Structure formats: structure tokens, C-alpha cells
Amino acid sequence: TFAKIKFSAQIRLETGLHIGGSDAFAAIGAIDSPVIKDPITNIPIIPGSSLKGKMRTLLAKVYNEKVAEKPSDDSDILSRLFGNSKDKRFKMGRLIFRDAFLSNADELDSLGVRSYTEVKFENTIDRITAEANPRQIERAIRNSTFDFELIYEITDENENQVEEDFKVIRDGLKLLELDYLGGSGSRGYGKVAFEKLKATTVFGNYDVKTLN
Amino acid sequence: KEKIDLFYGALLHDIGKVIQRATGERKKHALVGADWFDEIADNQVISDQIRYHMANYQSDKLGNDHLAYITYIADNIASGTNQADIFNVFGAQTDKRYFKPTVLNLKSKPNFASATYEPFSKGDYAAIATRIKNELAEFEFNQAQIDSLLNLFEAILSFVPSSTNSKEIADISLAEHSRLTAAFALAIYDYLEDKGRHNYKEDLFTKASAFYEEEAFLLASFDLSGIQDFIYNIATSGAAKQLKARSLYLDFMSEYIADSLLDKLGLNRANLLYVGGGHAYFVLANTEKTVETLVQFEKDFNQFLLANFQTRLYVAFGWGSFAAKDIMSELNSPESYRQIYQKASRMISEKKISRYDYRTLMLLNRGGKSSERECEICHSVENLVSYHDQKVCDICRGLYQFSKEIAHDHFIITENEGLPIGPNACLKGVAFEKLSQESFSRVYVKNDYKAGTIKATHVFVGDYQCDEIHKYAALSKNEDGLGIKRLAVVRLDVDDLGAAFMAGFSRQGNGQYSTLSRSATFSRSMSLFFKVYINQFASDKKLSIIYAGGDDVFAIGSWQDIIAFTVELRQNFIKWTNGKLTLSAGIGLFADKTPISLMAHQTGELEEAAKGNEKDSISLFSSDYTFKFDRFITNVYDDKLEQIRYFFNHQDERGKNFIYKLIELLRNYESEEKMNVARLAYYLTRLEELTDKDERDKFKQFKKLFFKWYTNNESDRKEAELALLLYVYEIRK
Amino acid sequence: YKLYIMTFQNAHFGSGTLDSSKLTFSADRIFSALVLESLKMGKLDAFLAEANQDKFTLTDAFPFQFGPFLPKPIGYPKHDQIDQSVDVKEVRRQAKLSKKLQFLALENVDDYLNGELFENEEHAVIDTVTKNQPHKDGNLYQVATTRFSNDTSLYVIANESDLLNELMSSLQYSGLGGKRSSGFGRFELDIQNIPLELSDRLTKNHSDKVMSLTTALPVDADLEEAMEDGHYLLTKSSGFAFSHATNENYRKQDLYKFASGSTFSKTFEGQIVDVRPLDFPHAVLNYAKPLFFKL
Ligand SMILES: Nc1ncnc2c1ncn2[C@@H]1O[C@H](COP(=O)(O)OP(=O)(O)OP(=O)(O)O)[C@@H](O)[C@H]1O
């Protein structure tokens, strides 16, 4: 009738990415947009808006039936999983995300590393001169786990389509690993890896069997 | 007609002092002033009051109930060797400064007080009495004109004192003494008429503390709330162009309260003590007639503001009776003078929390609207109209038309032509044509030079616009390739305000230092610097000042000139106050195309965060750079930030690969203390080895100065983070 | 009666505009959330007959840092306590510190009325994040977040029953206020039994200089009778409605209530106002059930 399906997993970054944060106050040792961190401490974190804005775009191009143009108005078979401000059949999003915090600090200081974010030197070639615009970026370190929990809940009517919903979510998790997740990922910066993909219940109203 | 003669009789009561100080003649100022005024003007009642100003004259009485008998009591209220400094009698005894009677003009440079003039007296000047006699040819003073002379009397005589004698009475200028003495004269006429008797206007106050002990005055004040919540707070970023018109909307609203209240009761402009920023101090009388007027006025002024506006804008009055014996003669205790303001400011905090009452609060909770169309500017749905991409309502609709009306020199107050600001009044922007011109016109920064037959009751307010608002991103970057496409916002606000107004002038038991005139000249001396001198100092810059008041300002624009204006404006304030009043602010950059709500709110949180230490602190780009401001222009901006501009500019591209790492070392100091010191010795050798051999002669002292600034003081370590950050933002991209 | 301790981490609670945010939120946010999720479970008609039972009430979000916190009394103290009279500048500069204060400690509820002024403890800092959209003319927007620190938690006091504990069990895994479609609302419910022996002065009968909280709202039969000689502060709380059968979502009418910590004199009643602009198949409910503290 009403269950709470939580998809607890650990995001393992096999390649350092780069996501532009807010202003430059926590990392002013760069020339472009730095990576957002924590305003209290000093741990590189990733917001939850980047997980929904990227997974929905890469998923609405294979499970669609019409050429899209504007958000919240393409492929009704998957619009009920994110959100829609036009259809009356559904409004709320049944896939609550969470800001993935870096929980790898419990064993990172024992090995002795540099810090938390490195600086990479990049430039461009105008095919008429040598080095042009000596800029630089700020990527993330390698091997850093995170806490990603996907909340799923039914609303009574969710009855004769629960088994079909797991096919889209499971296919969307493995599809994100084969694509970059960040900025300027065309050269190979993103590419995540969902480690220990498991699902459990909190309220207790639906048995677990479709674990993998 | 009968009561208006008393107002003009107290303004020119010392008109003969200017001629005496300019032309050598052994005559009194009260005797030569009546003869010089009668030569060009054909009057008689106002001429007898000039001769009967003092008490040792009596030209054969001539008059039983004449109005020339109450001018001596009101003269001692506003009263108590070139020109004594106002800020000199505040705090301790420092340096003795003196002004200079020049010409007050917006384009002219300010004459700061110093100790290099003539400590003797004035001399033989002719640049003051010449302009007075030139425009003296005016028709009979009637009701058609009110502020046709007060706007010029205080625009040239602002640097001329009144009655040069001793030291207690010398810091009061003649332009303010003659203006303040007319307010107390009108209260006596209203007190002697509301009661019943009339033969008292002669000679019955034999006792020194007779009329001075009886309470016959009233101190009125208000607190217009909703200034920072209506101007700074905004919805979308499309209201950036009309933000200057939004600031001028509430600026004339506070001036309309002073005009509608004094004209309805039957007074003039003398009953005014600095109106601006939602704070003023009105003077009245202790009569039952003046009380019934302010009660009905506050109930009707808040009536029309409930339909168009909401609960943001609210005006709460505050009265407080007092006596005239609290600012003269006996009673030298500081609590005696402070009790006058406590009788009116106490109800201010009580009336603002007790706004509406019965049969008023339930009107807003009725409900009758059912539509989904808002202006997305101020969150209000009331009489909308089409415009551009959105549908503007009616509250923020008049700001678009008024934004283009800023270039107009005159502001005609109409009835229903545009956007109404009062009960049955309005305001528009047009000039050089005069399509109607109802009554009471207002202009902006109109001093001397430009003066003719205008006749307008105006005030002073800052107004300066560079090039729009939403385009300072391109002006911050030069043509070569330096700077960023961002902008900064500073909010310079005065720190201490309870002193130099309540009880702070006490230093000697001789002088009382509690006269209302001594406390009234403090607001007038600082209003010329925070509301008039701002437009002159912001010239030739890539910024535009907005809301130039005596409290908090709002300067927006490119940071290429704001940084050079914030630290420079405080330097002119220290010399004007002899270093007795501190100042604090905060400069913070933001992004382009951002909502002004959080853009003006995040820069305001740094103001409160810059007061945790004591009072003379500062907050830079973030809340971590907590310094003392004085250590910036004398150390950081002096021999730190400037030294890098000519001792490191020769190294480019390859040489600019070490500043980004040295900043990170300055932060990691608590967990890495001694280990970080050993790593600093390695970065100082990588820059010297990776350069030209002939260029090494320039890099010879920066290594020792940078290492000493790291192990000396905890507060000194944060100074290097600010110098290395301003250098990267200079030349980049 | 029974407090529900819960801590927040990177949340969002706007007040007036979406870009702005505050550290706390009004009491109408909690009441308008449990009713909206009751229809998704299958017991919307069960909670409707429970909120209108007088004894059932809710409290505002009060901070909890090694002890429960309470709002400051509006208008208190009066003009009688000066707190170390030294100079007019030192007394005037410290009076504003109490005005900017948000909440007082549970042990300072009696010492503040006798003469004590201090700066409020730094609970958290206001931090903002930025977002945009690449495939829509490159537009962008700015929103603010609330990142608590130094063990900053909240708590709400309600009534113990066998139905309320199950409705709030799913709220911790469903968001609460702000951007719900991102993860700005997830928390953890820390259940407890014994509240505190000092915070048991919640009464609704006698009137001995009480203090209304959770945005009071007098009834039409008792408005000016309890408004005269009191201390309050009008606020603002509105916004677009959220329904599933309107195709327009009409704007809810304004309800200018009060603030948390207003001191009146008598005891109110507390009603439930219905917000119906044009027409709706349901009814927009509202809390408006202020409590009282003996002080
Ligand atoms: N230009 C001015 N001329 C005269 N009085 C002014 C001016 N600006 C402000 N004031 C006075 O300042 C008072 C408000 O002061 P406020 O409470 O803002 O100071 P404050 O913020 O407490 O100072 P601090 O930050 O040092 O504590 C008003 O009552 C007003 O009369």
C-alpha cells in the first residue's frame, strides 16, 4: 500500500571530474569556476541537482516516443519518475535524491595524501600561434566514496506497474557509468561506478527480492 | 497673513552682522540691519521687530501687544575666533580647527577644517554680502512663496557663525541659528492663542525661570519602516534598471510627511530637523490643538497605504513634551537632556509592534482574488497591465516611467497624474515646459550658481548614474585584457550614532554642552558629506551611487572604482571629524544576472559580522578577513599590494604559476604549523631559479619580506591572502 | 507533552521568495505537509477528524543544541532594566543585540526578565548554491540553503497517539520544505519519551501573562478583547497552491498572522481557516493553533 524503497550504494569515482560550484572563496587558487565544497568544513561535496539533471536527460533519449523540446513535456511513461508541472495525474517526484557527501575521510588521512582538490594545467591551440590563454582547472582526487540514496515510494495506484519501474531505474544506473558526470567530460573526466548496489526497506511494507 | 510675518521677522534678525563684519562701521548688528532692510523694502511691522530684538533699547515702547516682544525669549533658546569646529567640542581635547567662509557649491571642492587659517577673526570679505544684495530685490513676502529664501540663505551663509563671543557660542552657524530660532517663535504664537490670554506679550516674566519652567513645546518623531525590505528585496533580476527610481520613490515619501503635516497645522520649514532615511525630529507646542492634528494625520496616512501596499510600509509617530529649562541655565546633568528624547523614542518601539487594530486586520483576510498573473517583481497582484515579457502590476509600474524622468530637473507634484504617493497627491517628472505646475515643487542638488525665478520647496539628495545598471560587466574589463566581467556592492554605514547627539559633548563643568543647537548642528554638518559630497566624490568613476542618505548607502557598479572609492571616502571623513568617529563597511563581489534580493542581503551580513571584535573593524570579500580597516591603506594598500604591481609585473605566463599555491599554504596553518614553515623555504627558491639571469636584480628583497610576513603575527598572516587575491583579479584572462 | 527531536542538514526554507531562505520556518509548513501526504497513504479522512480535537496541536521549529531553546519575549523587558549603567553609548549599542536575537536557552527564560543581555549563539551560516540550464538560452537562478553546524538540531512538540507516529515516520524520507525534488528536506526522527521537567508550562486555561507562539490567529468572537495592551509583530506567509486537479493552481489568499513569541494577556481559542479562492474539490487547511507558556 505504502512502502519506502531506499537504494543505498557507494559512488566510486574512477576518474577525477570537475563541477563548477558557486563563487570563489573556498578555493581561490584557480582561474575558472572552482568545485563547490562545504561552507562549514572543507570537504569537496557534490549537489543533488547534478544527479537528476543528468540522469533524466540521458534516459529520455531511449525510452521516448517523440522528439523533445522542453522539459516536463516528453515521454509520459517516464515523466512520473521526475516531475511534471502540466499533467494532473502526477506532480510530485517519487525519486528523492540526496547530496552525496565524501565519507572516504575515515581512511584517507592514514595514507597521507596532498589535500582534497588538485590543479591541472590546460590551454588551447589556435593553429596560428603557440600557447594561447594559459588557463587552469581544479579537478577532484581519485578513489573517493560517496553516500547516494535513492528513495522510492508507492501511492496506492502504483500497483500494476511496480515491476516495470525497476527496469527503468536499474537500466539508468548502469547507463550513467558509461558516460561522464561533470563539466568538460568529453575528454574523460566523469565516468562513475556504483559500488555495492543494494536496496532495503525502512517502513516495511514490501518484500525484497529484486535486489539484482 | 498676520501669522506669517513672525516667520520672516526671526530669519533676518541678524542681517546686519554680515554688513558689520564686511564694512567698517561702529554700529550694532540689530540697529544697522533694520535700516538696510527698510531702504529697499517698504515695510513697517517686520522692521520694528529687528530693532526690538534685545532688551536694552526700548524706543519709547511703541506697542502694547506687539509681536516684537516674544522674539527675545525664542532667541535665547537657539543660542544658550573665526568659526569653532563642531566636532571639536566632542570627546577629548585634540587639535583646534577653524573653517573658512567660502561659497557652498556642489562643483566646488570642500573646505576641510584645519589649523592654518586666521585665529584672530574674519577680516574684510566681499564675496558674501554681494550675492545677498543682488537677489535682495524681491517682492512682498506673502504666502505665495515659502522656501524661496531659505534655500539660498543656507547655501552661502553655512560657513558664517552667529555672535562671535567666548567659545560656548561660536560653533553655531548663522544659517542654522536664524533658521532654528524661527521654529521656537512659532510655538509661542500657537501657545498664547490656544489658551486664552493675550496681554502676556509685553513684560511679565520678571523671574528668570518663569516661562522657561512651564512646558510649552513638543518633540515629534517617526520611524518609517520598510526601507531595506522594499528596495533591496526583489524577485527577478529585471528590476535592476528601475532600482534607482525605486530609491527615489521612498525618498520623496519621507519629505511629503514633513510637508503635509506642517502645512496643515499652520507652520513653515523652520519646524524641521533633518528629514531623511525614515528618521526626523519635529518640534511643536504643548497645546491641545496640535495633539489632535497628529492623531488624525496618522490615521489617514496609513489608510490609503493599506490598499495599494501591504504590511511592509508603516509609519509610527512619537510625541514627547519637554521644558525650555533643560537646554539652558541650570540642569547640567546628562540625564536631563536625554529624558526629552526618551519621552518620544520609547513609544516608537511600542507603536511599531502595535500597528493595526479592530475592523482593519480582518479586511486583508477576507479574500476576493482568483487569478494567476503577477509582475514577478514585488509579489503583488493589484490592477495589472501589459508591458513586455511579463505583466507588470501597478505598484512597480510607475517606476518604469519614472526611470526615464530622472533627467528632468524639476519634479511637479500633481493630484492624479501618474502614481500617487499621498492621500490626494501624486508625483511625476517633467521640466522646461511647465504643463500645469500645481504647488510645492522639488528638485535635486540645487545649490548656488544656477538660481532664478523657480520658487520650489526642495531639499538635498544624492543622484548620480553612470551607464545603466545591467552592463557594468563590460566596463570592469579593459581593452587590453585585464579584469573580470563581475561587479561588487558596498554598503558604507555610519557606526556610532548615540554619541554626539545625546550626551557626548561634556568635557568641562563650565559649559553645559547640552543646548539643542549644539546637538542640531551635528546632523547638519554630516548631511553635507553623506548626501551632497557623495555625488562630487563619485565623479569620473565607473559606478553609480544609489540611496545617498545620512545612514546607509548603496553603491553598485564595477569594482575597478568602488575599491578606490570606499577607502578614499573614509579618508575625507577623518579629516572632517579630526579622527573622532569610526567608520565601517564591506566590499563583496557577485556574479552577473543575479537576483538583487540575496545580492544586497549577503553584503549586509558582512556588516554585522564586522563588529564582533569591537567597533573599528572591516569585512573584506568574506567573513574571515576581519581586520581594522586602518591597517589596509597604511600597510596592505600602501607597501604590500602596490609593491607587487612593479616587482612582479615583469614575470608573466611562466612566472604566474606560484601565487595559486602560496595562498593555500597561508590557510593550512592550524593542523600544519611547523611543517608548513619548512615547505615555505622551497617555493621561495623555485621562482628565483626559473627566470632570466639579468632579471634576478629585481627579485632581491621580495623573498625576505614574504618570509617575515608569515612568522610574526596571526593577524599579519591574513594580510598576505588579501594582497595575493587582488593581484590575480587585476590582470587575468 | 512529547517532543520529536530532528536535525537538518543542507535544507531549504524560503520566506517570501524562492531565492531567499531563513534558518527556521513557520508552523504552517508542518501542518500543510502531513495532510498532503495523508492522501497518498490512504487515511486522509482519518487525520481530518483528529486535528480538530482541541488537544491536538503542533509547535514551531525550535533549535536544540544540548538543550531546548525558546523564542525571546516580544516587548520584554520594559523600560526599567538598564544592565550596568556606564554610558549612553554602551547601553544603546547592546540593546540592538537582543533585537537581533532569535531564540533563548531553556535556563535563561527567567534570568532574561530580570536584567541580562547577551549575543545569540552562532547556530549556522547562510550558504547559497547556483544552478542553470544549458538547453534553455543559458538561463540560471540562485537559491539559498541552510547548513547546520555545531550540533544544531530541531524539535517539535505534539501529542502522543497511535496514528501520528506513523505519519511522521515517512516524512524523514520524503523531504520537508524547499526544493523537495533534490534532497533538501531529508532528516532523521529521534523519538523520545520524557521531555524535560522545566518545559511543562504549556497551558490553555488560565491567563497569567501568557505568550502565544506558532503564529497566533484570534477568532472573530475574540479579537480586540485580547489585542489591547499586547506585544506582537505581523509577518507574511503565502504562495501558490499545490493541487492535482486544477490545471492552473490558484494563488492562496494572504494570511498575515503573528510571530513566534508574542505576548498578549488573555487566552485565545484557535480555529482552522479554509483558503478557497475560486473553487477546489478539496479544502486548503491551515494550522492556526497557538499555544501558551507560563513564563
Ligand atoms: N544622518 C543622520 N543624522 C542624524 N541622526 C541620524 C542620522 N542617521 C542615523 N541617525 C540616528 O541613528 C539612529 C539609529 O541608529 P542605529 O540603531 O541604526 O545605530 P546602531 O546600528 O545601533 O549602531 P551600532 O551598529 O554602532 O550599534 C536613529 O534614531 C537616527 O536618529
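Residues numbered from 1 in each chain as written, not as in the entry; some residues may be left out. Chains lettered and ligands numbered in written order. Part of a larger assembly, values for the part shown. Heavy atoms only, no water.

Per the deposited record, cryo-EM is how this structure was determined, to a resolution of 3.3 Å.

Here is the rule we go by: UniProt positions are given in the numbering used here, feature names are shortened, and annotations may be inferred rather than shown by experiment.
The name given to chain C in the PDB entry is CRISPR type III-associated RAMP protein Csm4, with the source organism recorded as Streptococcus thermophilus. The title assigned to this entry in its PDB record is "Small conformation of apo CRISPR_Csm complex". Checking UniProt for chain C, the heading Sequence similarities contains the comment "Belongs to the CRISPR-associated Csm4 family."

The Catalytic activity comment attached to chain B in UniProt states, word for word, "6 ATP = cyclic hexaadenylate + 6 diphosphate".

## Thoughts on the packing of aromatic side chains
Put simply, the test is: Aromatic contacts are taken between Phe, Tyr and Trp rings whose centres are within 6.5 Å, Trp giving its six-membered ring; a plane angle under 30 degrees counts as stacked, one over 60 as edge-to-face, and the others as tilted. Secondary structure elements are taken from DSSP: a helix is a run of H or I of four residues or more, a strand is a run of E of two residues or more, and numbering for both begins at the N terminus. Exposed residues in this analysis have more than 50% of their type's maximum accessible area, buried residues have under 20%, and partly exposed residues fall in between, with area computed by a 1.4 Å probe over protein chains only. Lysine and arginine charges are scored as sitting over a ring when NZ or CZ, respectively, is within 6 Å of the ring centre and within 35 degrees of the ring normal.
According to the stated counting rule, one finds 66 aromatic pairs over all chains in the structure shown. Look at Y281 of chain B and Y341 of chain B: their rings are 5.5 Å apart centre to centre, the planes differ by 85°, and that puts the pair in the edge-to-face class. Residue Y281 of chain B is located in the loop between α9 (243-265) and β2 (282-284), and its partner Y341 of chain B is located in helix α12 (residues 334-351); the two are separated by 60 residues in the primary sequence. Residue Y281 of chain B is classed as partly exposed on the basis of its relative accessible area, which comes to 25%. Arranged with centres 5.7 Å apart and planes meeting at 90°, the rings of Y669 of chain B and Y710 of chain B form a pair that is edge-to-face. Of this pair, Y669 of chain B sits in the loop between α22 (659-667) and α23 (674-689) while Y710 of chain B sits in the loop between α24 (702-708) and α25 (714-730), and the two are 41 residues apart along the sequence. In terms of burial, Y669 of chain B and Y710 of chain B fall into one category: buried. Chaining the aromatic ring pairs together yields one cluster made of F529, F530, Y533, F537 and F573 of chain B. Over the ring of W709 of chain B we find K640 of chain B; its NZ or CZ atom is 3.8 Å from the centre of that ring. Between the NZ or CZ atom of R180 of chain C and the centre of the ring of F242 of chain C, over which it lies, the distance is 5.8 Å.

## As for the interface of chain C and chain A
A common way to report how large an interface is uses the accessible area buried once the components associate. This is how the line gets drawn: It only takes one pair of heavy atoms within 4.5 Å for two residues to be counted as in contact. Defined in terms of a 1.4 Å probe, buried area is the accessible area two parts forfeit on being brought together, summed over both. Here, a salt bridge means any side-chain nitrogen of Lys or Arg that lies within 4 Å of a carboxyl oxygen of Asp or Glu. We define a polar contact as two N or O atoms separated by no more than 3.5 Å, with the added condition that, inside protein, one atom must be a possible hydrogen donor and the other a possible acceptor, whereas residues neighbouring each other in sequence contribute only through side-chain atom pairs. Under the scheme applied here, ten amino acids are nonpolar (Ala, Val, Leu, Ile, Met, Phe, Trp, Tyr, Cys and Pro), four are charged (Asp, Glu, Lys and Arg), and all others, including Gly, are polar.
Each side of the interface is counted separately: chain C has 33 residues, and chain A has 29 residues. Summed over both partners, the interface of chain C with chain A comes to about 2,700 Å²; 60% of that surface belongs to carbon and sulfur atoms. The interface formed by chain C and chain A includes one salt bridge. The residue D38 of chain A makes a salt bridge to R147 of chain C at a minimum N-O spacing of 3.1 Å. Linking chain C with chain A are six residue pairs in polar contact. Residue assignment for the side of chain C that touches chain A shows that the elements contributing at least two residues are α1 (28-41) and β5 (124-132) of chain C. If one sorts the elements of the side of chain C that touches chain A by residue count, β5 of chain C sits on top with five residues. Each residue belonging to the side of chain C that touches chain A can be placed in one class, and the counts come to seven nonpolar, 18 polar and eight charged.

## A short note on the interface of chain C and chain B
Between chain C and chain B, the residue contacts involve 35 residues of the former and 40 residues of the latter. Note on chain C versus chain B: buried area summed over both sides is about 3,400 Å², and carbon and sulfur give 57% of it. On the surface where chain C and chain B come into contact, there are one salt bridge. With its nearest N and O atoms 3.9 Å apart, the salt bridge here joins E608 of chain B to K100 of chain C. If you look at where chain C meets chain B, you find ten residue pairs in polar contact. If you list the elements that add at least two residues to the side of chain C that touches chain B, you get α3 (88-99), β5, β6 (140-148) and α6 (224-227) of chain C. Per element, the largest residue contribution to the side of chain C that touches chain B is four residues, and it comes from α3 of chain C. A class-by-class count of the residues in the side of chain C that touches chain B yields 16 nonpolar, nine polar and ten charged.

## Quick look at empty space enclosed by the protein
We apply this condition: Here the term cavity refers to a set of points on a 1 Å grid, laid over the protein atoms alone, in which a 1.4 Å probe fits but cannot get out; the term pocket refers to an open set having protein on both sides within 12 Å along at least five of seven lines, with lining residues being those that place an atom within 4 Å of a point. Grid points are joined across faces, edges and corners, and a volume is the space filled by probe spheres set on the points.
Roughly 720 Å³ of volume is contained in the largest cavity. Along its surface, the largest cavity is lined by 34 residues, and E154, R179, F460, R524 and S527 of chain B are the ones closest to its centre. Counting only elements with at least two residues in the lining of the largest cavity, the list comes to α7 (150-153), α8 (174-194) and α16 (516-530) of chain B. Among the elements that line the lining of the largest cavity, the one with the most residues is α16 of chain B, at five residues. Here the lining of the largest cavity is built from residues that sort into 15 nonpolar, ten polar and nine charged. Space inside the second largest cavity adds up to approximately 290 Å³. Every residue lining the second largest cavity is counted, 20 residues in all, and those nearest its centre are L70, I157, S199, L202 and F293 of chain C. Listing elements by their share of the lining of the second largest cavity, those giving two or more residues are β3 (69-71) and β7 (153-158) of chain C. Looking at which element gives the most residues to the lining of the second largest cavity, the answer is β3 of chain C, with three residues. Among the residues making up the lining of the second largest cavity, the classes are represented as 17 nonpolar, three polar and no charged.

## A few points about the state of the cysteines
A covalent bond between the sulfur atoms of two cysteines is what we call a disulfide. Residues and elements named next belong to chain B. The test is simple: We call a pair of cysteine sulfur atoms a disulfide when they lie within 2.5 Å.
Using the criterion set out here, one finds zero disulfides over all chains in the structure. Here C378 stays free of any disulfide, with the sulfur of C396 as its closest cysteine sulfur at 5.0 Å. Residue classification places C378 among the buried positions, given a relative accessible area of 9%. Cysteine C393 remains unbridged, with the sulfur of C396 as its closest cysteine sulfur at 3.7 Å. Judged by its relative accessible area of 1%, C393 is buried.

## Points about the pattern of salt bridges
With the rule as written, the count across this model stands at 38 salt bridges over all chains. Two residues, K27 of chain B and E25 of chain B, come together in a salt bridge whose shortest N-O distance is 3.3 Å. In this structure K27 of chain B comes out as partly exposed when scored by relative accessible area, which is 46%. Of the residues examined, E25 of chain B reaches a relative accessible area of 38% and is grouped as partly exposed. Residues joined by salt bridges that share partners form a network here, namely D32, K120, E122 and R135 of chain A.

## Brief notes about the side chain of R56 of chain A
All names here are of chain A. Going by this rule: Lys and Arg are tallied as positive, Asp and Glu as negative. Neither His nor the chain termini are counted.
Relative to the helices and strands, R56 resides in helix α1 (residues 49-59). Although buried, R56 forms no salt bridge, and the nearest oppositely charged side chain, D74, lies 4.5 Å from it. Beyond its immediate stretch of four places on either side in the chain, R56 contacts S72, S79, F82 and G83.

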